[PDB]
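# test case, fold it:
(chains A, B, C, D, E, F, G, H, I and J)
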Amino acid sequence: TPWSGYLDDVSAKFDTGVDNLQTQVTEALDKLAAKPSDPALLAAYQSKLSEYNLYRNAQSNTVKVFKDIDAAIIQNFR
Amino acid sequence: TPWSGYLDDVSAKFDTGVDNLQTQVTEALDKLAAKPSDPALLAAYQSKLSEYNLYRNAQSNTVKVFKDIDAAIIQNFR
Amino acid sequence: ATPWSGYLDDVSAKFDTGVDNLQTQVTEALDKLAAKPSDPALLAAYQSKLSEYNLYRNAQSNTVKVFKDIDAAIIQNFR
Amino acid sequence: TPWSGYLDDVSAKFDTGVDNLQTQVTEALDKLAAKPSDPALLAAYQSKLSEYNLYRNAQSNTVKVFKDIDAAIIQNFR
Amino acid sequence: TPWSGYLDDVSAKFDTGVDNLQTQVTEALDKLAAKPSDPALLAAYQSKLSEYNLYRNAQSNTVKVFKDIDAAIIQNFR
Amino acid sequence: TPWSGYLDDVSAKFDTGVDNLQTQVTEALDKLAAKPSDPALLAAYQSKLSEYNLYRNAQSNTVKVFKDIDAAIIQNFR
Amino acid sequence: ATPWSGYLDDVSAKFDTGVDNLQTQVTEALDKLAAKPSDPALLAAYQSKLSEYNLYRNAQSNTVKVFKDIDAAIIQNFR
Amino acid sequence: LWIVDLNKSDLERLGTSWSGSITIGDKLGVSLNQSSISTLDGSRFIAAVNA
Amino acid sequence: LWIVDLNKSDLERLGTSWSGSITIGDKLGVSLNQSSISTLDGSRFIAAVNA
Amino acid sequence: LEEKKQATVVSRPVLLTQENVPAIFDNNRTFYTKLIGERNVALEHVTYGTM
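Numbering: from 1, shown residues only, chains lettered A, B, ... in the order given. Below is the structure in question.
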């Protein structure tokens, strides 16, 4: 029912793309915090935190580019 | 009120994860200082100081990484 | 007597009244850390507080500018 | 239901590569502990511990190098 | 409250592996010291103290090796 | 064939330049994972992965420079 | 009146007034030790003093840089 | 103006799920109901229960 | 012009909160008013007193 | 593996209107389900809506 724009669609595609990563990173961080030195927990966490960093970067840069493609057209109506 | 941010809530995880290490280290050192030549005590202190070192490293590295994830997004509003 | 506040002032104030206490927490942290710089318990806390402060100020400024440019673009069409 | 990225795949390749080493090390230590003074046990553990150390290093360095590539490609969208 | 890390879990594995040596040596010492120059006592004492030395060395070296494996993995978080 | 632009042609020149690296780099990994402690394997993988790194960075930077030339010309049609 | 000092000046000086006398204690111990280099009680003192001085000067310079960046990011948005 | 809301619900789940894989003599890998075989070395099957 | 402001207030807080845990056989864990996993040495309670 | 499923959903909207007067009714609601392993606190939900 609520209104969602084109940029919301573009953004949402990533969220529904990375199905579970948001929960995986949280639980992997709690499992690490319980034993801050265990080679398997460190090796798991390094992966999940890296995947998260890349996900948030690609999402925000894409939305920025589309915003500029639109503003460049609206300017010509004048 | 104890206002805490996201980074604060991250950092606090490790403090609650290492339930007692902070006190344990201090006590182990307190007793070892009285009798430096007891190996049963040296062996204890080596382990506690190792645990402490690894805990403080992991904590400050994780906080640093989330700072960069946030700053990158903020930059794109313009 | 009391300040006239516009709209941008309201936007900035939302952040100022959002971080209830950080403004002073940062200063207290600094005071004690500077008193005893070699304590990792002090250091580990100050790092967090300072980072939160940086992000807060940055977001506040970037937001204000965007609203400024929307208003400017609308006003231009009056002519 | 799991979810895995590309760095996840790269990492898991090493785990599925070394079939059993993670159990082998734990059992070699397990028996050594019962008789620390035996040469055959010491000689076996010396090998396994080394294989394990090199395994974990090569894993983490590869995952970093890939993360550094992706982070440099995404930068060029904006 | 009696929190223990993974390095602790490893050290204690030796301490609970050599069931009694810590008391056995303490007894043999006092026996020998009470009536030195007894070949029966000297022969036993030599063995106990000799292997106690190996036990302590093996334990401390194992812990240091693990510590540096973890520190190396943590360094790649950044 | 599908429609391909000038930037696509430029991009593809690299891929078709490095005929086989795209897969050599994967086979090298599959082998090295089998015995992570073989220096003959490590010495090869280091090279392949360095080559891959330089390839992808040159690719992206070139694409961006041509995007900014075209955008600068298109701006003046008005 | 007193030489003009800004915010960064008043931040840097906080550390100096935090470590009340360290600046002297370091040179004192250094001279005592240089008087008799082979004395363990002097060596064990100077190790501690010099470590403290290093940590202090380092954390000072990093904090001043962070507070420069926070300002420059805001000033840029005026235009 | 009277506004009224009423809601009732019943939920029940019971039984077990079986899955797993076993290495047989360095001869064959066999697996049941794994959607992409994790191919654990040695053997153990797992039965997961909820009620 | 006269402006007057008067204020009075009275506050009291008093009592305790309890929580804790026990491990038996190392095979069954029991915990009391804990929103978190427990380290299973057990026999560990806290009484927080305010007055 | 063999599996079977059956589902059934009945909905009634009711609206009062005068003659010749246009009217609208609009509603939406969310239904949640408790995921397994409640220590692993999570929910799933869906929204149904009709106009």
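
# would you tell me which helix is longest in chain A?
helix A:39-77 (DSSP state H).

# how far off centre is it?
6 Å (CA atoms, centre = their mean, to the nearest Å).

# helices or strands up against that helix?
With contacts defined as 3 or more CB pairs under 8 Å, 6 or more residues apart in numbering or on different chains; DSSP states H and E, helix A:39-77 has these neighbours: helix A:6-17, helix A:21-34, helix B:39-75, helix D:6-17, helix D:39-74, helix E:39-75. Using the backbone N, CA and C atoms, a C-beta is placed for each residue, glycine as well.

# same thing but 10 Å
Helices and strands touching helix A:39-77, by 3 or more CB pairs under 10 Å, 6 or more residues apart in numbering or on different chains; DSSP states H and E, are helix A:6-17, helix A:21-34, helix B:39-75, helix C:40-76, helix D:6-17, helix D:39-74, helix E:6-15, helix E:39-75.

# would you mind listing what in chain J touches chain H?
J:1, J:29, J:31, J:33-34, J:36-37 (CB under 10 Å from any CB of the partner chain).

# quick revisit: closest to residue A:67 out of the helices and strands packed on helix A:39-77?
Closest of the helices and strands packed on helix A:39-77 to residue A:67 is helix A:6-17, at 6.8 Å (criterion: CB to CB).

# so what touches that closest one?
Residues outside helix A:6-17 that contact it (CB atoms under 10 Å, 6 or more residues apart in numbering or on different chains): A:2, A:4-5, A:21-22, A:55-56, A:58-60, A:62-67, A:70, D:3.

# can you redo the residues of chain J next to chain H as TSV with secondary structure?
Formatted as TSV, the residues of chain J next to chain H follow (DSSP: H, G, I helix; E, B strand; the rest coil):
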residue	secondary structure
J:1	coil
J:29	strand
J:31	strand
J:33	strand
J:34	strand
J:36	coil
J:37	coil
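
# drop anything exposed from those.
Buried members of the residues of chain J next to chain H, counted by 16 or more other CB atoms under 10 Å in any protein chain shown: none.

# find the closest residue to chain F in chain J.
Across chain J, no residue is closer to chain F than residue J:40, which sits at 32.1 Å (CB to the nearest CB).

# helix, strand or coil for that residue?
Here residue J:40 is coil, with the state taken from three-state DSSP.

# which residues touch the residue nearest to it when sequence neighbours are not counted?
In space, and not counting its chain neighbours, residue J:40 is closest to residue A:27: 7.3 Å by CB to CB, 6 or more residues apart in numbering or on different chains. By CB under 10 Å, 6+ apart, the residues touching residue A:27 are A:20, A:48, J:40, J:42.

# check residue H:7 too.
J:29, J:31.

# can you tell me how far it sits from residue J:31?
For residue H:7, the distance to residue J:31 (CB to CB, to the nearest Å) stands at 10 Å.

# shouldn't residue H:34 be in contact with residue H:19?
Yes. Using CB atoms under 10 Å, residue H:34 is in contact with residue H:19, at 5.9 Å.

# what about residue A:44, how many neighbours?
For residue A:44, the neighbour count with other CB atoms under 10 Å in any protein chain shown is 17.

# dump the residues of chain J next to chain H into JSON lines; add distance to residue I:40 as well.
Listed next are these as JSON lines, based on distance: CB to CB, whole Å:
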{"residue": "J:1", "distance to residue I:40": "38"}
{"residue": "J:29", "distance to residue I:40": "43"}
{"residue": "J:31", "distance to residue I:40": "38"}
{"residue": "J:33", "distance to residue I:40": "31"}
{"residue": "J:34", "distance to residue I:40": "26"}
{"residue": "J:36", "distance to residue I:40": "23"}
{"residue": "J:37", "distance to residue I:40": "19"}
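
# the spatially most central residue of chain H in helix, strand or coil?
The residue lying closest to the centre of chain H (CA atoms, centre = their mean) is residue H:17, at 4.3 Å. Under the three-state scheme (three-state DSSP), residue H:17 adopts strand.

# from residue D:64, how far out is residue H:38?
26 Å.

# what of residue J:22?
Residue J:22 sits 64 Å away from residue D:64, going by CB to CB.

# over to residue H:48?
Applying CB to CB to residue H:48 and residue D:64 gives a distance of 36 Å.

# what's the neighbour count on the closest residue to chain G within chain H?
Going by CB to the nearest CB, chain G is nearest to residue H:38 of chain H, at 47.0 Å. Residue H:38 has 11 neighbouring residues, counting by other CB under 10 Å.

# what of residue A:32?
Other residues close to residue A:32 by other CB under 10 Å number 23.

# which residues are in contact with it?
Neighbouring residues of residue A:32 by CB under 10 Å, 6+ apart: A:38, A:40-42, A:44-45, A:48-49, B:13-14, B:17, B:58, B:62.

# among those, name the buried ones.
Applying 16+ other CB under 10 Å to those flags A:38, A:41-42, A:44-45, A:48-49, B:13-14, B:17, B:58, B:62 as buried.

# pick the one among the residues you listed closest to residue I:30.
Closest approach between the buried ones among the contacts of residue A:32 and residue I:30, by CB to CB: residue B:17, at 22.1 Å.

# gap between that closest one and residue B:23?
Plainly put, residue B:17 is 15 Å away from residue B:23 if you go by CB to CB.

# same deal with residue A:65?
52 Å.

# before we move on, what about residue H:31?
Residue H:31 is 49 Å from residue B:23, by CB to CB.

# for residue J:11, same thing?
In terms of CB to CB, residue J:11 sits 61 Å off from residue B:23.

# do residue H:46 as well
Taken as CB to CB, the span from residue H:46 to residue B:23 is 40 Å.

# what do you get for residue A:16?
For residue A:16, the distance to residue B:23 - CB to CB - is 46 Å.

# just want the residue of chain J that's nearest chain H.
Closest point on chain J to chain H, by CB to the nearest CB, is residue J:36, at 6.1 Å.

# ok, that residue touching residue H:17?
No. The pair residue J:36 / residue H:17 is not scored as a contact, 11.4 Å apart, by CB under 10 Å.

# state the number of residues packed around residue A:39.
Residue A:39 has 20 nearby residues by other CB under 10 Å.

# leaving out sequence neighbours, find the closest residue to the one residue sitting closest to the centre of chain A.
For chain A, the residue nearest the mean C-alpha position is residue A:56 (3.4 Å; CA atoms, centre = their mean). In space, and not counting its chain neighbours, residue A:56 is closest to residue B:69: 5.7 Å by CB to CB, 6+ apart.

# surely the one you found touches residue A:57?
Yes. Shown here, residue B:69 and residue A:57 form a contact pair, counting by CB under 10 Å, at 8.0 Å.

# tell me which of these two has more neighbours.
Ranked by neighbour count (other CB under 10 Å), residue B:69 and residue A:57 place residue A:57 first, with 21 against 15.

# check contacts around the more buried one.
B:68-69, B:72-73, B:76, D:70-71, D:74-75, D:77-78.

# from those, which is closest to chain E?
Using CB to the nearest CB, these come closest to chain E at residue B:68, 9.4 Å.

# counting neighbours, what do you get for the closest one?
When counting by other CB under 10 Å, one arrives at 11 neighbours for residue B:68.

# how about residue A:35?
For residue A:35, the count of nearby residues is 18 (other CB under 10 Å).

# residue A:51 too?
That count, for residue A:51 with other CB under 10 Å as the rule, works out to 21.

# so how far is residue A:38 from the nearest residue to it once chain neighbours are set aside?
Once flanking residues are discounted, residue A:51 sits nearest to residue D:5: 4.4 Å by CB to CB, 6+ apart. As judged by CB to CB, residue D:5 and residue A:38 stand 22 Å apart.

# ok, residue A:2 next?
Distance from residue A:2 to residue A:38, by CB to CB: 44 Å.

# cheers, nothing more for now.
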